[PDB]
Structure formats: structure tokens, C-alpha cells
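Here's the structure, in C-alpha cells; my notes come after.
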Amino acid sequence: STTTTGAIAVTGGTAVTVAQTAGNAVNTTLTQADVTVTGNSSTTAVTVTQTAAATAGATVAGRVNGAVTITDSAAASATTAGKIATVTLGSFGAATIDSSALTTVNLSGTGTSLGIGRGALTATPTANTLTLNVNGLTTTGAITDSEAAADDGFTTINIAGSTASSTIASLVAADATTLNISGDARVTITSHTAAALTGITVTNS
Amino acid sequence: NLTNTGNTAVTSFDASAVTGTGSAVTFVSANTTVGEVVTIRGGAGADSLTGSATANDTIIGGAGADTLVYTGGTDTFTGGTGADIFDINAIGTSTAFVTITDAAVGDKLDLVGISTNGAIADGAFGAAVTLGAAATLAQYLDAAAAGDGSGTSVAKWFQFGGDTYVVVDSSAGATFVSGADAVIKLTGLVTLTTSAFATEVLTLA
Ligand SMILES: [Ca+2]
Ligand SMILES: [Ca+2]
Ligand SMILES: [Ca+2]
Ligand SMILES: [Ca+2]
Ligand SMILES: [Ca+2]
Ligand SMILES: [Ca+2]
Ligand SMILES: [Ca+2]
Ligand SMILES: [Ca+2]
Ligand SMILES: [Ca+2]
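Line order of the protein sequences matches chains F and D.
Just so you know, we're using the deposited numbering here: the first sequence kicks off at 412 and counts up by one.
Just so you know, we're using the deposited numbering here: the second sequence kicks off at 822 and counts up by one.
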């Protein structure tokens, strides 16, 4: 259809995958579905794939991407652990994650913004390594560490570019210290805002 | 797992006779007698043995994945068989430092607690510091700490007089400063060439 894909909501599960596609005609624009996943305390992983965005052309099928909102159980808790460790995205509009157990984000395709929050845990976190595997990713806007600003963000960010070029329009990580870009294919960061950086280290081929 | 708070006369903890795959013994010395000889013995289990900053702790795990904790003073560590972790939580002096007697392939060296300024290497950081035919321990230390550790702490290592040493430089000048720079002795020649830094955790290869 050209009429837009209606919500998708998931609650609970050991692992969640929601895979949208868009198959609209060559001169139309379909805008895709808003996704919400809310883990229960078994939810280790979440994946939210969509069809890549494109501009409606003569022979180009047009797609806009849906917002994604991922939330762990213990996102609002001061003490409870949190279980969502890995999140995979494959294109996205205004995406959010909120998990104190988050270590890995896998990115892919066409994105608008990712905001990463960690759970409102009051305890000072000890493991603070964001692994950020990219592959064919392009971003309109910012990957932000929303937690770093007023709370305890990631100190070391690792970006592993893989099998295709990636371009992050903006990377905002106010508590970041080390930044290591690794792997297999070009990673481009058009603009970082990471005032506390003491080193950047490319190891990428 | 034995809570030991306020048991300050204890100079010998001997859990060595204990027996299962995982009959895991936890102990923390509450001893505060300055310059004491304290002996801490683990069993067949994956044990968790912590000394006192006050004390010259001899700590010995048995079989299994032992964690031996350094707090201060002249300590002697022996994790027996198994993947032992030597968790270094204090800086020490140039005289009061930890000697690890039997560091072998599989054992780890957790330096998270001496990352004074930032967080260690993260690479496989492994070319030994080499000095002249009659270089002194004092010289090898100064040589190892030559760099700038003010914004970012760095690991180095060397071999002097038949034993292997690891250093954390957290300072400006090419003086190893007793206070904030740290040395760790390892009995014997152990080659850390190929061995790699996990987070701030060195796994022997
Ligand atoms: Ca928060
Ligand atoms: Ca907090
Ligand atoms: Ca902060
Ligand atoms: Ca043991
Ligand atoms: Ca001690
Ligand atoms: Ca052992
Ligand atoms: Ca061992
Ligand atoms: Ca530690
Ligand atoms: Ca120095």
C-alpha cells in the first residue's frame, strides 16, 4: 500500500525480532510502521529491520522509516539489573534504546537518529564499553549517548565498520574517552561532539 | 562464603582442604595490624580471597578459577592450577608490591583498579622494554615510565634479574614515582609478547 503500516508493539520474550518490509510501486511513497518493543526480564536481544528509505522517483519506490522505541523492564528502576544486552537495527526513523545492560548495537541501512539511554540505576556503572557494529549504515542525524550528559555514559566507544561503507552524520558522546574504529569497510563520522576524548585509534582496513 | 568483618586477630585463613568442582570459598581479611604476616589459603573451588592493605598477605588458591585481590603491602600470590585472576586494586610502592609466583598461560591480570587516569591500552601491547647489559631495576622502572600518563595511563613490561615486571605509568616525567605509578613482579621469565588486554585485563597467551 501507500497507506502507512499501522503500529507494531511487542512485550516480553527471550529475544524479539520485528521485520518490516515495504513493496509499494515505483512512483509512490509508503511510510513504514512505528515499532515499540518492551522487554520483560528475559529479554536479552531485540532486532528491528525495515526496508531502506528512498525518495519517490520515476523508477524509485519511496519509503519513510518508522520510529523505533526499545525499552528494558528495569529502565526506570534505581536497583534492578536490566536484561537487554544487544540491539540490532536495519534502517530506522527516530530510534530510542533504554537499557542499563546494553553493550552492543548493530546498525545497518538508513537511519534518522539513535538516542541511547542506560537504565536510571543510581549505582556507578563499572563496564562502560559501547560496541557499535556498523554495515551499510547512513544517518540523517545523531547517534547520541543520552546517559552521558547528566549521568554515567560510555567511556570507551568501539565502532566496527563491516562489508559496506557507513556514514554517521553526527556522533554525540559526552563521557567518551577512547574511540576505536575497526574492521572491514570505511566508517565516516561527519561530526563528533565528544569533548572528553583523550584518543582516537583507527585499526580499520 | 564467610563474612569476616571485625575479626582482626586472624593471621591464618586455611581453606586448603575443601573439595568440589565448585566448593567456592570467599574470604576478606579484617586484619589491621601494620606490617603483619597473613596467610590466606583457597581450596578446590573457584575461590575469592582478599588480603588487607595493612598486611604482607601470602595468598594461595587451590585448583579452579581463583580471584586473588591486592590491597597494599608486600604480597605473595600463587593461584594454583586453573584460569586464575590476579585482581590488582592498589598501586603499592617500589618496595611494597605484589609478587605473583606462578603466572602461566590462561591466568589473567586485572588492572582496572590502577587506571588512575582513564583506562589502559586495550591492544595486545607486547614488545618488552629492553635495556643494557647492566641496567638496574631502578633504570628499567624509570625507562618503563618514561612516557606521559597524566591524561591516559599506560602499561609496559620488562625482564630484570630473572623475573618479569609489569608497570602502569600514571605520571608526567620519566621518573617512576613510587606513589602513583605501579609495579607488579612475576617470578620467572614469562613472555607477555603475544598476550592481550581485554578491558583493562591482561590474558596470558
Ligand atoms: Ca537514564
Ligand atoms: Ca545513574
Ligand atoms: Ca558524566
Ligand atoms: Ca581454588
Ligand atoms: Ca596486602
Ligand atoms: Ca587456582
Ligand atoms: Ca594458574
Ligand atoms: Ca579491580
Ligand atoms: Ca611518566
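Ideal placement from N, C-alpha and C gives every residue a C-beta, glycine not left out.
- Against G939 of chain D, the close residues of chain F are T588, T609, in the order they occur along the chain (beta-carbon pairs closer than 7 Å).
- Of the residues assessed, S873 of chain D falls on the buried side of the cut-off, its CB having 16 or more other CB atoms within 10 angstroms.
- If you compare the alpha carbons of D:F981, D:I906, D:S971 with that of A964 of chain D, the shortest gap goes to D:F981.
- Note: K494 of chain F is not bridge-paired with any residue in the DSSP secondary-structure output.
- Listed along chain F, no residue sits closer than 8 Å to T842 of chain D by beta-carbon distance, the nearest being about 26 Å off.
- For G572 of chain F, the Cβ stays outside the 8 Å cut-off from all heavy atoms of ligand 4.
- Contacts between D905 of chain D and chain F, judged by CB atoms closer than 9 Å, are missing: the closest CB pair is about 21 Å apart.
- Spatial neighbours of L823 of chain D in its own chain (CB-CB distance under 6 Å, excluding positions within 5 residues in sequence) are listed in chain order as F848.
- Residues of chain D whose Cβ lies closer than 7 Å to the Cβ of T540 of chain F are, in chain order, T1020.
- Residue pairing from DSSP places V479 of chain F in a beta bridge opposite F:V446, F:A506.
- With respect to chain F, the C-beta atom of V849 of chain D has no partner C-beta closer than 9 Å.
- Annotation for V933 of chain D: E1021 place their beta carbon closer than 6 Å to its own, counting only its chain and skipping 5 residues before and after.
- Taking CB atoms only, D990 of chain D has no neighbour in chain F less than 9 Å away.
- Only buried fits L548 of chain F, as 16 or more other CB atoms lie within 10 angstroms of its CB.
- What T973 of chain D touches in chain F, judged by beta-carbon distance under 9 Å, is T588, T589, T609, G610, going in chain order.
- DSSP places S453 of chain F outside both helix and strand once states are collapsed to three, so it counts as coil.
- The C-alpha of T920 of chain D is placed about 21 Å away from the C-alpha of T854 of chain D.
- For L870 of chain D, the three-state secondary structure derived from DSSP is strand.
- Within the segment 887-939 of chain D, no alpha helix (DSSP H) run of at least 4 residues lies entirely inside it.
- At least one heavy atom of ligand 6 lies closer than 8 Å to the C-beta of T902 of chain D.
- When rounded, the separation of the alpha-carbon atoms in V890 of chain D and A1017 of chain D is 21 Å.
- Pairing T614 of chain F with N591 of chain F gives a Cβ-Cβ distance under 9 Å.
- By the beta-carbon neighbour count (other beta carbons within 10 angstroms, threshold 16), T523 of chain F is buried.
- For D943 of chain D, the chain F residues whose C-beta falls within less than 8 Å of its own C-beta are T567, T589, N591, listed in chain order.
- Inter-residue distance for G528 of chain F and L962 of chain D is about 43 Å (C-alpha atoms, whole angstroms).
- With a beta-carbon spacing of about 19 Å, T455 of chain F and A420 of chain F fall beyond the 8 Å limit used to define contacts.
- In this structure, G883 of chain D has its beta carbon less than 8 Å from a heavy atom of ligand 4.
- Within 8 Å of the C-beta of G934 of chain D there is at least one heavy atom belonging to ligand 8.
- Partner residues in a beta bridge of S488 of chain F, as assigned by DSSP, do not exist.
- Under the Cβ criterion of 9 Å, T549 of chain F is not counted among the residues facing chain D.
- Put simply, the CB of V933 of chain D is near chain F, with a gap under 9 Å to one of its CB atoms.
- For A584 of chain F, the secondary structure class from DSSP, reduced to helix, strand or coil, is coil.
- Per DSSP, the beta bridge partners of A430 of chain F are F:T460.
- In terms of Cβ geometry, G477 of chain F and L500 of chain F do not form a close pair [threshold 9 Å].
- Going by DSSP, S557 of chain F is part of the alpha helix (DSSP H) stretching over 557-561.
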